[PDB]
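Only one chain is given next, in structure tokens, and it is the form deposited in one PDB entry.
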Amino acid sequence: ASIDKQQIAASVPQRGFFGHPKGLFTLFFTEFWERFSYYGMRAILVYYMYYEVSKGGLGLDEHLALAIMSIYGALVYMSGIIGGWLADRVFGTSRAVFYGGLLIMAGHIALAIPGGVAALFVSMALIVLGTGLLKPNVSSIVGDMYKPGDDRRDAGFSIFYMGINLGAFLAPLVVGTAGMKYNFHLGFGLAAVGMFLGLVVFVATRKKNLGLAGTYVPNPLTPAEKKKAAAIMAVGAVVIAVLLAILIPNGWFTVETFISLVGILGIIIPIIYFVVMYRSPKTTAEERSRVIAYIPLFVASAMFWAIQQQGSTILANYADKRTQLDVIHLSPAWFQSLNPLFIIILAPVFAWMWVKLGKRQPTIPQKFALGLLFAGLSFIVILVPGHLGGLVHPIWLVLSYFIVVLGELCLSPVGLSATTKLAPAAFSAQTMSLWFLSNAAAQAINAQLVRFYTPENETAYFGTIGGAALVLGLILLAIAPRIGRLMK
């Protein structure tokens, strides 16, 4: 049921928003508010879990709370895998965005209304399922707006993706402020209202602004496949029934078990995927060598995102427990604005730097190494003020976030490119998933590392992890020339 791209774009108004189609406005703010609600909710969710019950918190254990936050992004990734298949083969990107938005908004409401631990579980599940339908499909709709040959395409995405960091910056300052200063449920409420605005703009304007875009099923399911798909669901449901019948009476159906399962998948799944790509029948001898060459880059990426994603977990707790907020009075959630803030400012600087370097600029494997070196350094900087025994000055924590961003602008922008070059030709449609997998696997590993983070093990925690990144980064530099030459 795929429709001609020129015909799809023909149903879309071509102007009305900075020289771009009106649909860009619709998609920009739909994405903005969704990212706003998500990052706003995340900025206080960790605090909401381990804070005292008398302080409006859930009274959960600190290590359990931090572990839950860690697996959150990983679950979204796995959800995004499913949501991509659903939109491409069942719903279409427009319907997936709509349904996703509903589940997400319902997720926030479950936190906004008076509730407890059970409300948390329900909220996460709804948001995970909803985000999996929203996040990966919303980008496909903007692509449908631009006809083949329309040179405004790249600039269109650039404006679109700008909303992510914009939402990631504003939200902790709005949701975080209201949540921490006044009431947690109020902050959760503003997240719900935020997402609601996303649904409002989308639903009301999509018919006139987006037209045919996303309203079709790109790769529909044949009657034979539909019968085979339901057979999978029937079998899977039977398996899911057996598991519940085993775990529940044993008392093994807990969040601790689920975290462990995610952790195992964080190591097992990447291993299996590398074997598949290597032993795939359509992969040539040159491509197998490129698979081996991609292994250190995947490990480095995962190690990088391990440190980067801890800025919203371990470092979030650091701002709440080990940081002097009164320097007038800072909110611990405000530190979640630093990463998107520094990216917004430093990105044009970095882009200008690569051009000026020209042929002198570092290669892709070297940029991976540079990202890892900065990441490890950010943990070294962070352990220093504590070793020198009360609250540390917040300037050290800010500097820690800053150094991470320096590493991110080295590794991240070439991440997908590196994956595309070293992945086999047959796996071209899975290049994004493979690249995003490293970041996903990192967060799954992060949850297992949580228990090692204690005030007594603090210096060893930051030092070992940061030191491991420095060692790996140093090794990657050495083997970078060989890997760089294998690049297509």
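When you see a residue number, it is the position in the sequence shown, counting from 1. Rigid core here is just the name for the largest C-alpha set that superposes within 1.5 Å across the two forms.
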{"item": "Residues of the deposited sequence that sit between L244 and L243 yet are not modelled", "value": "none"}
{"item": "Unresolved deposited residues in the interval that joins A285 and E286", "value": "none"}
{"item": "Mean Cα B-factor comparison, 15-23 or 464-472, giving the higher one as deposited", "value": "15-23"}
{"item": "Mean temperature factor over C-alpha atoms, higher-scoring stretch between 312-320 and 347-355", "value": "347-355"}
{"item": "Residue, from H108, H185, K367, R152, that the PDB entry assigns the highest Cα B-factor", "value": "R152"}
{"item": "Member of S400, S417, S260, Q361 with the greatest C-alpha B factor (per the PDB record)", "value": "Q361"}
{"item": "Within-chain third of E408 by Cα B-factor, per the entry", "value": "lowest"}
{"item": "Chain-relative CA temperature factor third for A478", "value": "highest"}
{"item": "Record-listed C-alpha B factor of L60: chain third", "value": "middle"}
{"item": "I445 CA temperature factor, ranked by third within the chain", "value": "middle"}
{"item": "Modelled-residue ranking by C-alpha temperature factor, third containing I264", "value": "middle"}
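If you look for the form deposited in another entry, you will not find it shown, but the lines that follow are about it.
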item: Which of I271, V349, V239, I264 is displaced between the shown form and the other one by 2 angstroms or more at its C-alpha, rigid core aligned; value: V239
item: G116 C-alpha relocation of at least 2 Å between the shown form and the other one, rigid core basis; value: no
item: Did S158 shift 2 Å or more between the shown form and the other one, C-alpha, core superposed; value: no
item: Rigid-core frame, C-alpha of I395, shift of 2 angstroms or more between the shown form and the other one; value: no
